[PDB]
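Close look at the chain arrangement
Chain by chain, the residues:
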Amino acid sequence: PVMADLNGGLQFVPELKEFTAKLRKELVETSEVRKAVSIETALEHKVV
Amino acid sequence: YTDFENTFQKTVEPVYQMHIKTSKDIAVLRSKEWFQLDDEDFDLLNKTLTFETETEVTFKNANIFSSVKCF
Amino acid sequence: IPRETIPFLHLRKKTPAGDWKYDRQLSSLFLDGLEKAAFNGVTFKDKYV
């Protein structure tokens, strides 16, 4: 029997679950912050 | 009367309360140029803030203001 | 426990790469516990199983 590792070195990243969760939260936060700030700036412009 | 250059107004606004829950609220508040904290490193997270402001305005006509000052 | 020999009973510790390897300190804990159990006995009072 042959065992083929087609994983591209992913096994060498430690604490993979936490690392990927951190990446995901980074992205989600950036998106949400930017959206909220843009909405508030637009509303301030529309009232002023 | 239409002599709006002689007119002005002063209103004591109701006190407003905000419960800062998420980092989104902190980010939005820090975006507003008028929101100024003496301690730039203050931790707004899970804090209750109260705003007690006064607005002084002058007029250019019935519909528009010629100067606005909230503090 | 001799240097460079594995006890017949031992504990293992997971490495950063995620493989379980023999751990001397944990196995020492386990074997000391067994030694105490053999000599003084061990109580399971208040244990629900």
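Residues numbered from 1 in each chain as written, not as in the entry; some residues may be left out. Chains lettered and ligands numbered in written order. Part of a larger assembly, values for the part shown. Heavy atoms only, no water. Residues with missing side-chain atoms left out of burial classes, pairs and counts.

The name the PDB entry gives chain C is Fatty acid synthase subunit alpha, with Saccharomyces cerevisiae as the organism. Recorded in the entry header as its title is "Atomic model of wild type S. cerevisiae Fatty Acid Synthase (FAS) in complex with Palmitoyl-CoA (in vitro binding)".

Under the PDB entry, the name given to chain B is Fatty acid synthase subunit beta, and the source organism is Saccharomyces cerevisiae.

Next up on the list: the overall build of chain B. Helix and strand counts for chain B stand at 1 helix and 5 strands. Helices and strands in chain B line up, N terminus first, as β-β-α-β-β-β. Rg of the C-alpha trace for chain B: 17 Å, well past the compact-globule value of 11 Å for 71 residues, more than 25% over. The principal-axis extents of the C-alpha atoms in chain B amount to approximately 50 × 20 × 20 Å. (Helix = DSSP H or I, 4+ residues; strand = E, 2+ residues; numbered from the N terminus. Rg over C-alpha atoms; globule rule 2.2 N^0.38 Å.)

This part is about the environment of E4(C). Residues and elements named next belong to chain C. Structurally, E4 is set in the segment before β1 (11-14). A relative accessible area of 63% places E4 in the exposed class. In terms of polar contacts, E4 uses its side chain to reach the side chain of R3, at 2.6 Å. (Buried < 20%, exposed > 50% of the residue type's maximum accessible area, 1.4 Å probe, protein only. Polar contact = N/O pair within 3.5 Å; in protein donor to acceptor, adjacent residues only side chain to side chain.)

Bringing the packing of aromatic side chains into the picture now. Residue and element names in this part refer to chain B. In this structure the tally under the stated criterion is 3 aromatic pairs over all chains. Between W34 and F35, the aromatic rings sit 6.3 Å apart at their centres with planes inclined by 70°, giving edge-to-face as the arrangement. Aromatic ring contacts, followed pair by pair, group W34, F35 and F51 into a single cluster. (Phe/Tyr/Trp six-rings, centres within 6.5 Å; stacked < 30°, edge-to-face > 60°.)

A few words now on the interface of chain B and chain A. At the junction of the two partners, chain B supplies 6 residues and chain A supplies 6 residues. Summed over both partners, the interface of chain B with chain A buries about 520 Å², with 70% contributed by carbon and sulfur atoms. Summed over the three residues of chain B that lose the most area to chain A, namely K24(B), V28(B) and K32(B), the buried surface amounts to 66% of that side. Where chain B touches chain A, the interface holds 1 salt bridge. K32(B) is paired through a salt bridge with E44(A); the nearest N and O atoms lie 3.0 Å apart. (Contact = heavy atoms within 4.5 Å. Buried area = accessible area lost by both parts, 1.4 Å probe. Salt bridge = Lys/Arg side-chain N within 4 Å of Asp/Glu carboxyl O.)

Attention now moves to the arrangement of the chains. Of all C-alpha pairs spanning chain A and chain C, none lies closer than 7 Å, and the two are not in contact. In this view chain B stays clear of chain C, with the nearest C-alpha atoms of the two still 33 Å from each other.

The next thing to look at is the nonpolar core. Residues and elements named next belong to chain B. Core analysis: the largest hydrophobic core is formed by 7 residues, namely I20, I26, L29, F35, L44, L49 and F51. Elements with a minimum of two residues in this core: α1 (23-31) and β3 (47-51). Residue contacts for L29: discarding those within four places in its chain leaves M18, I20, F35 and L49. (Core = buried A, V, L, I, M, F, W, Y, C linked by side-chain atoms within 4.5 Å.)

Another aspect to go through is the pattern of salt bridges. Residues and elements named next belong to chain C. Applying the stated criterion across every chain yields a total of 4 salt bridges over all chains. Salt-bridge contacts for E4 lead to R3; the nearest nitrogen and oxygen are separated by 2.6 Å. Take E4 and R3: they sit in the same class, and that class is exposed. The partner of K45 in a salt bridge is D46, with the nearest N and O atoms 2.8 Å apart. For the pair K45 and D46, a shared accessibility class is recorded, and that class is exposed.

What follows concerns the environment of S28(C). All names here are of chain C. Note that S28 resides in helix α1 (residues 24-40). The exposure class assigned to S28 is partly exposed, which follows from its relative accessible area of 22%. Note: C-alpha distance between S28 and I1 (27 residues apart in sequence) is 8.3 Å.

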